[PDB]
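Enquirer: quick one, structure for this:
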Amino acid sequence: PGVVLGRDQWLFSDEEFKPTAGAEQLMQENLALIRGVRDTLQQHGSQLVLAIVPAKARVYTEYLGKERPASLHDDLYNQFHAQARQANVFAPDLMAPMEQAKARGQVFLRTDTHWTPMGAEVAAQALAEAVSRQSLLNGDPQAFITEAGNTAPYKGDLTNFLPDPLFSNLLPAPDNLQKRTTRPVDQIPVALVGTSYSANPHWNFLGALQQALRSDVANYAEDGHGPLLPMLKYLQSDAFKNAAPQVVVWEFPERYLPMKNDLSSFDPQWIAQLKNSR
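Expert: Numbers count the residues shown, from 1 in each chain. Shown next is the structure:
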């Protein structure tokens with residue numbers, strides 16, 4: 001796990017660049033698992049809304065440096081969407097609105113892998129439009145208010161992969177980060193599953209979803225295990241088994257599709273069920 005230098009003191013995850021051995025079969029395998037998850041949710045009466053997060057390197061190509069991503073990454077976002085469609089998985093396009101939103105300010109942090117709070121809010125709004133368009137939610141709307149607090153420097157997660165403290169003067173300038181918190185005006189109908197994009201309060205993706213959906217949302221995202229393991233954990237949970245939500249939003253950044261997931265802790269019989277759900 002490493003970092004790639006861009007222009008103007010931008011940093012990227014090399015996971016958005018590196019080739020992966022056996023990437024084709026890994027993508028196949030992950031898609032079969034995603035499809036099995038979709039079918040499992042549907043069988044419990046939950047609608048899956050897959051949220052494919054585009055790579056920072058795809059959204060900010062203008063800050064690419066000398067190194068460019070390998071060919072695997074050229075059309076990964078598009079192929080993920082195409083395969084999700086083949087699998088009858090509902091996956092609203094997040095790339096077009098995030099790209100539109102670059103004119104307003106940064107939709108990703110310069111020195112960090114993650115979307116900015118504004119970037120996450122754009123994604124939440126796109127997802128909420130799609131949810132409304134498909135009538136996936138019923139129930140009385142609940143109103144939420146998001147308040148913007150102070151802005152302060154933020155050291156990005158990628159800076160720690162840089163080479164050594166004798167060279168601290170070479171580190172890129174910290175990002176700036178605006179605090180944003182969401183509160184209600186005053187069984188949960190929506191569950192959120194995903195990665196640090198969803199688990200980390202700094203990006204306020206949960207709050208942005210609550211506000212955009214006009215619905216309470218429960219967070220089952222986790223930091224540091226990729227997008228699949230927290231979803232499998234959720235499916236095995238008492239929360240899901242005893243109170244399946246109307247909608248599950250599954251945040252799944254594109255770079256994880258051709259990456260291996262450690263399934264060693266799961267029953268192979270259950271893994272088999274997921275892959276063979278059709």
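Enquirer: every contact and neighbour count from this point should use C-alpha atoms.
Expert: OK.
Enquirer: all strands for the stretch 151-278 of the chain, in order.
Expert: Using DSSP state E, counting those that start in this stretch, the strands of the stretch 151-278 of the chain run over 175-184, 190-193, 217-219, 247-253.
Enquirer: how about those in CSV, adding distance to residue 110 and mean neighbour count?
Expert: Below are the strands of the stretch 151-278 of the chain laid out as CSV (distance: least, C-alpha to C-alpha, whole Å; neighbours: other C-alpha atoms under 10 Å):
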stretch, distance to residue 110, mean neighbour count
strand 175-184, 6, 17
strand 190-193, 25, 24
strand 217-219, 26, 18
strand 247-253, 17, 22
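Enquirer: would you format the ones you listed as JSON lines with distance to residue 43 included?
Expert: Below are the strands of the stretch 151-278 of the chain laid out as JSON lines (distance: least, C-alpha to C-alpha, whole Å):
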{"stretch": "strand 175-184", "distance to residue 43": "31"}
{"stretch": "strand 190-193", "distance to residue 43": "16"}
{"stretch": "strand 217-219", "distance to residue 43": "20"}
{"stretch": "strand 247-253", "distance to residue 43": "13"}
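Enquirer: of all those strands, which lies closest to residue 161?
Expert: Of all those, strand 175-184 sits nearest to residue 161, with 15.9 Å by C-alpha to C-alpha.
Enquirer: picking up where we left off before, of the strands of the stretch 151-278 of the chain, which is nearest residue 31?
Expert: strand 247-253 (11.6 Å).
Enquirer: tell me which strands that closest one pairs with, and in which orientation.
Expert: strand 47-53 (parallel), strand 190-193 (parallel) (DSSP bridges).
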